[PDB]
Amino acid sequence: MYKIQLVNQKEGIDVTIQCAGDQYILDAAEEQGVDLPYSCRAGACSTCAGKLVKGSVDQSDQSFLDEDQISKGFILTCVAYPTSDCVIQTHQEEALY
Ligand code: FES
């Protein structure tokens, strides 16, 4: 399983969880007691946006983020399967706007 560090100083989040390659990051976090934002849970909005600081994901079901947003590291945590150990900033929807 992948090691996923989730951070947000404003929200008081600083936790590293395990996530299998076949579970989405949001779901693994919520299963482990972490309170992350989401609404559609289907990759079609920005509510669950996070930002990769390090690592990689497979978020190929996502349908919202453009190529420049992806290039900067943004991810939709509700449809992102980890493909490496990651460090992710949570609650990053503002950084898109
Ligand atoms: S909650 Fe809408 S894309 Fe993740």
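Residues numbered from 1 in each chain as written, not as in the entry; some residues may be left out. Heavy atoms only, no water.

In the PDB archive, X-ray crystallography is given as the structure determination method for this entry, at a resolution of 1.18 Å.

Per the PDB entry, the chain is named Ferredoxin, and its organism is Cyanidioschyzon merolae. Recorded in UniProt under Sequence similarities (unreviewed entry), the annotation for the chain is "Belongs to the 2Fe2S plant-type ferredoxin family." Under Subcellular location (unreviewed entry), UniProt gives the following word-for-word description of the chain: "Plastid, Chloroplast". (UniProt positions renumbered as here; feature names shortened; annotations may be inferred.)

To continue, consider the UniProt feature "binding site: [2Fe-2S] cluster" (unreviewed entry) in the chain. Mapped onto this numbering, the UniProt entry gives "binding site: [2Fe-2S] cluster" (unreviewed entry) at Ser39, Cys40, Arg41, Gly43, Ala44, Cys45, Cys48 and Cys78. The greatest C-alpha distance among the annotated residues, which extend across 40 residues, is 10.0 Å, indicating that they converge on a single site. Residue position: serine 39 is located in the loop between α1 (25–31) and β3 (49–54). Note on placement: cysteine 48 falls in the loop between α1 and β3. Ignoring any residue separated from it by four or fewer positions in sequence, one finds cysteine 48 in contact with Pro37, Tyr38, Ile75, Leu76, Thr77 and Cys78. (Helix = DSSP H or I, 4+ residues; strand = E, 2+ residues; numbered from the N terminus. Contact = heavy atoms within 4.5 Å.)

In terms of strand pairing, strand β1 (residues 2–8) meets strand β2 (residues 13–19) through seven bridges, oriented antiparallel. Within the sheet, the bridge partner assigned to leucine 6 lies in β2 and is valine 15. Where β1 hands over to β2, the hairpin turn is made up of four residues, of which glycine 12 adopts a positive phi near 75 degrees. Relative to strand β7 (residues 86–89), β1 runs parallel, the two being bridged by four bridges. (Pairing = 2+ DSSP bridges.)

A few words now on the pairing of β3. Each regular strand carries side chains that alternate between the two faces of the sheet. Alignment of β3 against strand β5 (residues 74–76), held across three bridges, turns out to be antiparallel. Bridge pairing in β5 places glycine 50 opposite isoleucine 75. Sheet topology places β3 next to β7; three bridges connect them, and they run antiparallel. Bridging from a neighbouring strand, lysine 51 pairs with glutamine 89 of β7.

Ranked by size, the top nonpolar core spans 26 residues in total, and within it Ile4, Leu6, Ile17, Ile25, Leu36, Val57 and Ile88 carry the most contacts. Where this core is concerned, the elements lending two or more residues are β1, β2, α1, β3, β5 and β7. In terms of residue count, α1 provides more of this core than any other element does, four residues in total. (Core = buried A, V, L, I, M, F, W, Y, C linked by side-chain atoms within 4.5 Å. Buried < 20%, exposed > 50% of the residue type's maximum accessible area, 1.4 Å probe, protein only.)

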